[PDB]
Amino acid sequence: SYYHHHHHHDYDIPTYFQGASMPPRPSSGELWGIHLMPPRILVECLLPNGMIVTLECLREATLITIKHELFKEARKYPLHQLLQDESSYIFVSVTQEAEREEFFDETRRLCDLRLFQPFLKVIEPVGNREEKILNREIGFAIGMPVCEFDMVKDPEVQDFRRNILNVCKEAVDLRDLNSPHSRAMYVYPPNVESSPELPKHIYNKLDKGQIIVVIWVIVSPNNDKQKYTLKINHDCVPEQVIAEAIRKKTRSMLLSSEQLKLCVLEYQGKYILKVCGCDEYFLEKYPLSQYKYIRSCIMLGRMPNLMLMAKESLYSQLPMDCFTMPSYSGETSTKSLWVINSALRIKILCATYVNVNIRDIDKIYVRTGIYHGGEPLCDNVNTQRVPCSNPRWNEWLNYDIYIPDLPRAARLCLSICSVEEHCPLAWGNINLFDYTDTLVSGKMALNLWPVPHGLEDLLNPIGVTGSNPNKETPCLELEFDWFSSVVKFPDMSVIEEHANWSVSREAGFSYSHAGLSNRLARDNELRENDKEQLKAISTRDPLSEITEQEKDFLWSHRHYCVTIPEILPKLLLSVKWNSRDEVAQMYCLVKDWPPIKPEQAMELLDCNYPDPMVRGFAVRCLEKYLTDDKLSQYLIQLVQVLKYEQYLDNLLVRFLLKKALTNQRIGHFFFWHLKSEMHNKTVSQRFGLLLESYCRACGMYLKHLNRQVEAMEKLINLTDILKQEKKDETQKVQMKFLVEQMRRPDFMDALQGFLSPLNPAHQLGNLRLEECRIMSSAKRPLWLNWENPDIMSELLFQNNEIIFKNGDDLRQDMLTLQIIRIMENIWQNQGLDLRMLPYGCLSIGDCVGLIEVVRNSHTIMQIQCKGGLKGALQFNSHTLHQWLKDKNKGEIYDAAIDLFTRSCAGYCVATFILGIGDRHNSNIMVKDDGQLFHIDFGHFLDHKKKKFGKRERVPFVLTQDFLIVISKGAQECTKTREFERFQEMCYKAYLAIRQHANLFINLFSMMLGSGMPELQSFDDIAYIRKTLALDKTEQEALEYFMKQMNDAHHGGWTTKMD
Amino acid sequence: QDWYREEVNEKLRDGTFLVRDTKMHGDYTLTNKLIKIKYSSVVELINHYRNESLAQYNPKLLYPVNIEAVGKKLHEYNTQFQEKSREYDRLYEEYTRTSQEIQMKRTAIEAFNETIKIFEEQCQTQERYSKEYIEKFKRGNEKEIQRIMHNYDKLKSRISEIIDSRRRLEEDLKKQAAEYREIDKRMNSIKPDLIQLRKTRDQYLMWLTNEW
Ligand SMILES: Nc1ccccc1CO
């Protein structure tokens, strides 16, 4: 009656679809195919005399210990007198990366060697430079051996490795320029806002520009400290602050005034300012306000705590970086591209590995096309030959574009398709010119890539240039027309001359033309209706596509466009890249175009601007305008944008690499963002090669990065065992296993002396195992807690705790928190105080990461479970508000509500615009002090509209709970002024972002590289157009926002002067 | 009223054209390439360029593409589509992790091989130095050599195991490689129907113009 007695006969009750909750695994641990080696283990010790003594020794034994015992237990075997003293020997074995690694560091533990099979050959030290065979350190940091590169055939690779050192050498120069200062300046760059100005809402906190600061000192033995509370000008510098501390410290009844002045001067510059509780340092002329620690204190109602640290104790710590060149320290007479008189043609041959059902699929072909982002000719196919069963062509596809009209950045994109039954099988793209400027000619083998999740379209030009390094995949080879000579792309002198010729030739073209459009006839003197359709176009966002009229219109008035530098991105998308006439002329405008702002210039490194000249310009912008503060904000995007760079060596890489080697805070996140994506074999080579350069030249931080790396691998194994072998055990049982393991010496070693990768300022000391635990989630995330071993920990935080989560893919969270952070700074630097809490997140691997724990904060759900009465009948709307009053009693109350209402406002607007996952009581959080913030954001640009979805959703819907709180205690509170005030924040917040909507488009645009399913192509990013409403006028948008906020809430939003 | 951005581009997804509607900007638009639009009419100008090409204006438009009884078919086509999408989402997982697992084997096979060579070299290494001490001295004798025999006997029957172990891996590579192909095989079958199941679901919701 329930089911019409319909039997489902297939349904097997045992097995299971991962429903009956943890995603991608696994990577192996301490020995081959076993996560965690047995505590006592048998190891075959191969000696120089050919004997195999099999030792038994513990999992955690050092090689000093294994050697020392092996040369005691080898005596008892035969041929003892054909062995030297043990000190004449070193261990060696085959690792899981399959390479013969020599074991120089004898303090290393047997479990920590990644050994594959449990054995150890004995040898005498070959290749006498021991020093140089600390490329171990580099390949450990990288997660592949350096020798794997030394055996790469490709000349580009080997050219990259040699030529990139140019940069490294220059960078190491800058570091030891005015040492030891410049070294400290590298290691401890000043953590500083890019604007010395102060928003009015901060200034107002200071009583006419004055902060109370507290300077701390230590005397004897190295124990007791002393405060020296100053009150100084916000805008005074560290050198002034150090003086005023010293004055106060050394005033006396025995020193006159004049005598004080002298004892200060001899002391003044012997010291520098530290921040208490972490390794941040105020090391150059900046307003104290402009340092971020200071500006945070001012907003948080706190009194700075600095320390007077002696330059010689700080320079004591900074060791030498002492850079060493590694062992690794075009063609003659050619024919120009422009000489060649033929159309392009390409011979397609023989796909071999094609896995298709001959039942289901009818017939299959190879689509092809030439590309520049978007394409310079008609797209064409071959005929549907030897369909399915052993696919074989020997055609010549003929492309209607002459060979001299191929732009420098041109690329062939191809794909194998099936049959309006059209359906792509495999894909792959080649650069038509190589990295040495050479037009490609001859036969090429190209192993193809699988179509991605979202990719319904059939060819894939945005996808990466190059062949799949995985051999066992559809390898379709092909032939490129060869013109008796290695063809090359012309010099710049040549391309200038063609342009100067092509412009003189334009002046003599006469009168009318049919579709004259693309040239003026208007003269140097241009109409005023023309000049105000141009600046009108200039304003429009990246995604508002241009019509062919507007293109030709722009392209005609191209020379006036030098008036409006900011128009360049549009201008370039109007050029016909299939007309070398046009393109040559463009190269000369772009040559000496006025530099633009970095936020404008980052568009020009997205996938739609492949030209080298263009991208070079954009880098020249960044070189001039983009600051170390603003760089390290956008670094994620600048690393993602590398993937669209045709060749290994380029300007973008050389820039980033240099900044990384020049400022250790960038370097740090530069490492992790590259390292993060080493599993993804599109980028493994490129990023590996880059990480090698960085690691080779960054000096002592490498050793620090190795410790972080060594710590994460331990944790990755730990969570892997918990998620596989120790599932279906009680938390109780799991947590024993956790403690038991962390106790062992190798873990104790590996997890104690290091720097948080979420922020390397924080040192992580001994871990407090009392407070470490496996959280309740199914992904088995680890709650980890460390002592803050800083001298004055107590002044900042005694304990430092962060979450390590093996399951989820952190990089969507990572990106949304970046976008929030940016909205905060946009708002706040317009005097508009909306307090977002973009908590820390870092992807370090394939679905592995780190999340900053915010202490004293609670999921609304907890609030309500805590304040819920027993006889569990229904929860109260007020419970939230009750809990919050309970925290904030007195004048304190009114300020807590302000915060809530300010943060609730930002997170409303932010969340609506970004389209993030629907909000509810277990992903909204409130702090004791009354700030609200979201977590576990989910898919951002509305990825569950790929199912059924113009929904234009509202994810943060303000239940009664919040509204009560927003308006003190009122009943039916939609009508209080408290809430009017609120709505006004929401309206001025919505608009403030809308005026910066370009950047947000561009930040999302630059991320298309990353294999994030939520960002497959531009229409994804086009959600953010509707929700910011850029087709509308701002007053229409305000109403659109009001309207959307009204309909989700059911009543509130229809009273303001827009 | 009765062919006439974001949802326009989704209807250009996969000659084909249509006409679109700031008013202080232009009026209508012909969408893929965009053409801004006497216009004597909107329907006048387009009929002329359906038969003919767009070359002569600027250096064809060939493809102008039950109120209660279609409603539940929106739930039905959606519930296979969303089943079918899951099947596609599962297999692309299996495909890739099987690709991963495969290459971990390939790398292990290399590691095995290098392991073996060090051992081959070891049994080679003992012969040079042991058969020096068999011919020097002689009259040690069996208290020496039958222990140097014992060591060696282990040295090779270990190598036996290591090559056994490698083979046993190599066979699994094949079975894994087989399964890898089979997954891809079915991926490519499910894909084209997934598009048709999706394309009709768009058409069914577009004719009507949500428990479903
Ligand atoms: N014109 C263009 C360029 C890049 C991406 C998408 C489009 C429109 O489909």
# chains A, B, ... in the order shown; residues from 1 in each chain; ligands from 1
>>> residues_around(residues="residue 342 (chain A)", least_positions_apart="3", cutoff="10 Å", atoms="only C-alpha atoms", output="VMD selection string")
chain A and resid 339 345 400 to 404 481 483
>>> closest_atom_pairs(of="chain B", to="ligand 1", cutoff="9 Å", atoms="only C-alpha atoms and all ligand atoms", output="CSV")
residue,atom,partner,partner_atom_place_in_ligand_line,distance
B:9,CA,ligand 1,9 (O),6.8
B:12,CA,ligand 1,9 (O),8.3
B:13,CA,ligand 1,9 (O),8.2
B:32,CA,ligand 1,9 (O),6.2
B:33,CA,ligand 1,1 (N),7.4
>>> residues_around(residues="residue 1035 (chain A)", least_positions_apart="4", cutoff="12 Å", atoms="only C-alpha atoms", output="ChimeraX atom specification")
/A:987-988,990-991,994,1028-1031,1039-1042,1056-1058
>>> write_last_selection(atoms="N, CA and C atoms", output="mmCIF file, in the first residue's frame")
data_model
loop_
_atom_site.group_PDB
_atom_site.id
_atom_site.type_symbol
_atom_site.label_atom_id
_atom_site.label_comp_id
_atom_site.auth_asym_id
_atom_site.auth_seq_id
_atom_site.Cartn_x
_atom_site.Cartn_y
_atom_site.Cartn_z
ATOM 1 N N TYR A 987 22.756 49.311 3.477
ATOM 2 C CA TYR A 987 22.622 50.014 2.193
ATOM 3 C C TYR A 987 23.915 50.703 1.765
ATOM 4 N N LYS A 988 24.577 51.379 2.699
ATOM 5 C CA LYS A 988 25.882 51.995 2.428
ATOM 6 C C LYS A 988 27.003 50.953 2.243
ATOM 7 N N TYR A 990 26.403 47.620 0.959
ATOM 8 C CA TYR A 990 26.095 47.116 -0.396
ATOM 9 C C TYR A 990 26.671 47.979 -1.503
ATOM 10 N N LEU A 991 26.482 49.285 -1.394
ATOM 11 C CA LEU A 991 26.930 50.213 -2.424
ATOM 12 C C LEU A 991 28.431 50.379 -2.484
ATOM 13 N N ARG A 994 29.850 47.680 -4.491
ATOM 14 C CA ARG A 994 29.379 47.865 -5.870
ATOM 15 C C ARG A 994 30.247 48.831 -6.698
ATOM 16 N N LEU A 1028 25.291 42.142 -7.504
ATOM 17 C CA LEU A 1028 25.728 43.545 -7.414
ATOM 18 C C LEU A 1028 24.960 44.478 -8.368
ATOM 19 N N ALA A 1029 24.255 43.899 -9.352
ATOM 20 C CA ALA A 1029 23.447 44.623 -10.356
ATOM 21 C C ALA A 1029 24.218 45.788 -10.960
ATOM 22 N N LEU A 1030 25.026 45.476 -11.970
ATOM 23 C CA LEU A 1030 25.873 46.473 -12.648
ATOM 24 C C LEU A 1030 25.295 46.930 -13.994
ATOM 25 N N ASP A 1031 24.333 46.156 -14.508
ATOM 26 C CA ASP A 1031 23.519 46.543 -15.659
ATOM 27 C C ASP A 1031 22.537 47.653 -15.271
ATOM 28 N N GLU A 1039 17.399 49.423 -4.604
ATOM 29 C CA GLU A 1039 16.041 48.916 -4.566
ATOM 30 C C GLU A 1039 16.042 47.414 -4.790
ATOM 31 N N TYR A 1040 16.794 46.943 -5.784
ATOM 32 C CA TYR A 1040 16.948 45.497 -5.998
ATOM 33 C C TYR A 1040 17.402 44.797 -4.711
ATOM 34 N N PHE A 1041 18.365 45.392 -4.004
ATOM 35 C CA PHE A 1041 18.858 44.828 -2.746
ATOM 36 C C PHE A 1041 17.776 44.894 -1.667
ATOM 37 N N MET A 1042 17.141 46.059 -1.542
ATOM 38 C CA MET A 1042 16.022 46.239 -0.620
ATOM 39 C C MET A 1042 14.943 45.202 -0.892
ATOM 40 N N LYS A 1056 13.841 54.442 2.662
ATOM 41 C CA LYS A 1056 15.026 55.333 2.723
ATOM 42 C C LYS A 1056 15.098 56.311 1.539
ATOM 43 N N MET A 1057 15.752 57.456 1.767
ATOM 44 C CA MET A 1057 16.157 58.382 0.697
ATOM 45 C C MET A 1057 17.448 57.859 0.042
ATOM 46 N N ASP A 1058 17.307 57.303 -1.164
ATOM 47 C CA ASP A 1058 18.445 56.821 -1.961
ATOM 48 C C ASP A 1058 19.139 57.987 -2.677
#
>>> atom_distance(atom1="CA of residue 456 (chain A)", atom2="CA of residue 407 (chain A)")
28.1 Å
>>> interface_residues(of="chain A", to="chain B", cutoff="6 Å", atoms="only C-alpha atoms", output="list in words")
residues 49, 50, 98, 355, 356, 357, 360, 423, 457, 515, 547 and 548 of chain A
>>> select_by_dssp(residues="region 782-898 of chain A", states="alpha helix (DSSP H)", output="PyMOL selection string")
chain A and resi 811-828+860-866+879-887+891-898
>>> residues_around(residues="residue 696 (chain A)", least_positions_apart="4", cutoff="10 Å", atoms="only C-alpha atoms", output="mmCIF file with N, CA and C atoms, in the first residue's frame")
data_model
loop_
_atom_site.group_PDB
_atom_site.id
_atom_site.type_symbol
_atom_site.label_atom_id
_atom_site.label_comp_id
_atom_site.auth_asym_id
_atom_site.auth_seq_id
_atom_site.Cartn_x
_atom_site.Cartn_y
_atom_site.Cartn_z
ATOM 1 N N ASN A 135 70.718 19.160 -1.171
ATOM 2 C CA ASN A 135 69.529 19.236 -2.008
ATOM 3 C C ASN A 135 68.483 18.265 -1.465
ATOM 4 N N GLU A 137 67.384 18.627 1.596
ATOM 5 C CA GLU A 137 66.578 19.629 2.249
ATOM 6 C C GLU A 137 65.590 20.220 1.250
ATOM 7 N N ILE A 138 66.083 20.591 0.072
ATOM 8 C CA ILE A 138 65.236 21.199 -0.960
ATOM 9 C C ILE A 138 64.122 20.259 -1.439
ATOM 10 N N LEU A 165 68.303 31.711 -11.937
ATOM 11 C CA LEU A 165 69.289 32.110 -10.921
ATOM 12 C C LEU A 165 69.683 33.588 -11.023
ATOM 13 N N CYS A 168 67.575 35.154 -8.404
ATOM 14 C CA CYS A 168 67.956 34.746 -7.056
ATOM 15 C C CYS A 168 69.195 35.491 -6.586
ATOM 16 N N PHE A 323 74.518 32.443 -0.086
ATOM 17 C CA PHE A 323 73.985 31.767 -1.275
ATOM 18 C C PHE A 323 75.054 31.111 -2.114
ATOM 19 N N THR A 324 74.774 29.897 -2.589
ATOM 20 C CA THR A 324 75.715 29.111 -3.396
ATOM 21 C C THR A 324 75.072 28.686 -4.698
ATOM 22 N N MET A 325 75.760 28.962 -5.805
ATOM 23 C CA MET A 325 75.320 28.533 -7.130
ATOM 24 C C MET A 325 75.383 27.013 -7.249
ATOM 25 N N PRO A 326 74.341 26.418 -7.835
ATOM 26 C CA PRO A 326 74.324 24.964 -7.988
ATOM 27 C C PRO A 326 75.220 24.449 -9.116
ATOM 28 N N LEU A 690 59.891 26.203 -9.690
ATOM 29 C CA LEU A 690 59.845 27.465 -8.965
ATOM 30 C C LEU A 690 60.213 27.320 -7.511
ATOM 31 N N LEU A 691 59.592 26.348 -6.832
ATOM 32 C CA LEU A 691 59.929 26.008 -5.426
ATOM 33 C C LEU A 691 61.382 25.659 -5.229
ATOM 34 N N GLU A 692 62.000 25.037 -6.230
ATOM 35 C CA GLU A 692 63.439 24.727 -6.194
ATOM 36 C C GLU A 692 64.285 25.991 -6.174
ATOM 37 N N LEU A 702 64.588 28.049 4.829
ATOM 38 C CA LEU A 702 64.380 26.697 4.319
ATOM 39 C C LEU A 702 64.301 25.712 5.460
#
>>> select_by_dssp(residues="region 181-368 of chain A", states="strand (DSSP E)", output="PyMOL selection string")
chain A and resi 210-218+225-233+271-275+281-282+305-310+335-336+343-348+364-368
>>> atom_distance(atom1="CA of residue 253 (chain A)", atom2="CA of residue 210 (chain A)")
28.5 Å
>>> closest_residue(among="A:84, A:1005, A:484, A:640", to="residue 653 (chain A)", atoms="only C-alpha atoms")
A:640
>>> closest_atom_pairs(of="region 949-1025 of chain A", to="region 850-865 of chain A", cutoff="12 Å", atoms="only C-alpha atoms", output="CSV")
residue,atom,partner,partner_atom,distance
A:959,CA,A:860,CA,11.6
A:961,CA,A:860,CA,9.6
A:962,CA,A:860,CA,10.2
>>> atom_distance(atom1="CA of residue 689 (chain A)", atom2="CA of residue 606 (chain A)")
21.8 Å
>>> residues_around(residues="residue 411 (chain A)", least_positions_apart="4", cutoff="9 Å", atoms="only C-alpha atoms", output="ChimeraX atom specification")
/A:369-373,429-433,461,465
>>> write_last_selection(atoms="N, CA and C atoms", output="mmCIF file, in the first residue's frame")
data_model
loop_
_atom_site.group_PDB
_atom_site.id
_atom_site.type_symbol
_atom_site.label_atom_id
_atom_site.label_comp_id
_atom_site.auth_asym_id
_atom_site.auth_seq_id
_atom_site.Cartn_x
_atom_site.Cartn_y
_atom_site.Cartn_z
ATOM 1 N N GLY A 369 41.054 23.977 -33.630
ATOM 2 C CA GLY A 369 40.895 25.430 -33.699
ATOM 3 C C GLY A 369 42.160 26.134 -33.266
ATOM 4 N N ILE A 370 42.384 27.324 -33.815
ATOM 5 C CA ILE A 370 43.504 28.158 -33.388
ATOM 6 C C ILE A 370 42.895 29.114 -32.382
ATOM 7 N N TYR A 371 43.664 29.511 -31.358
ATOM 8 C CA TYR A 371 43.130 30.338 -30.260
ATOM 9 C C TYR A 371 44.050 31.459 -29.757
ATOM 10 N N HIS A 372 43.400 32.452 -29.122
ATOM 11 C CA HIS A 372 44.059 33.536 -28.356
ATOM 12 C C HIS A 372 43.301 33.893 -27.024
ATOM 13 N N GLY A 373 42.923 32.890 -26.211
ATOM 14 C CA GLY A 373 41.808 33.046 -25.262
ATOM 15 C C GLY A 373 40.529 32.719 -26.034
ATOM 16 N N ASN A 429 46.084 21.029 -25.747
ATOM 17 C CA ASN A 429 46.437 22.239 -26.535
ATOM 18 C C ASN A 429 47.962 22.437 -26.682
ATOM 19 N N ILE A 430 48.418 22.907 -27.849
ATOM 20 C CA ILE A 430 49.844 23.222 -28.082
ATOM 21 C C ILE A 430 50.066 24.708 -28.362
ATOM 22 N N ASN A 431 51.195 25.233 -27.875
ATOM 23 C CA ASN A 431 51.642 26.576 -28.227
ATOM 24 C C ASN A 431 52.231 26.531 -29.611
ATOM 25 N N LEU A 432 51.717 27.363 -30.519
ATOM 26 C CA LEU A 432 52.149 27.329 -31.914
ATOM 27 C C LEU A 432 53.576 27.778 -32.077
ATOM 28 N N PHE A 433 54.011 28.689 -31.225
ATOM 29 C CA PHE A 433 55.418 29.037 -31.157
ATOM 30 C C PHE A 433 55.915 28.390 -29.903
ATOM 31 N N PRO A 461 39.784 25.850 -24.473
ATOM 32 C CA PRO A 461 40.934 26.727 -24.675
ATOM 33 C C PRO A 461 41.555 27.277 -23.380
ATOM 34 N N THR A 465 48.021 24.699 -21.581
ATOM 35 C CA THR A 465 48.921 24.402 -22.682
ATOM 36 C C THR A 465 49.979 23.398 -22.235
#
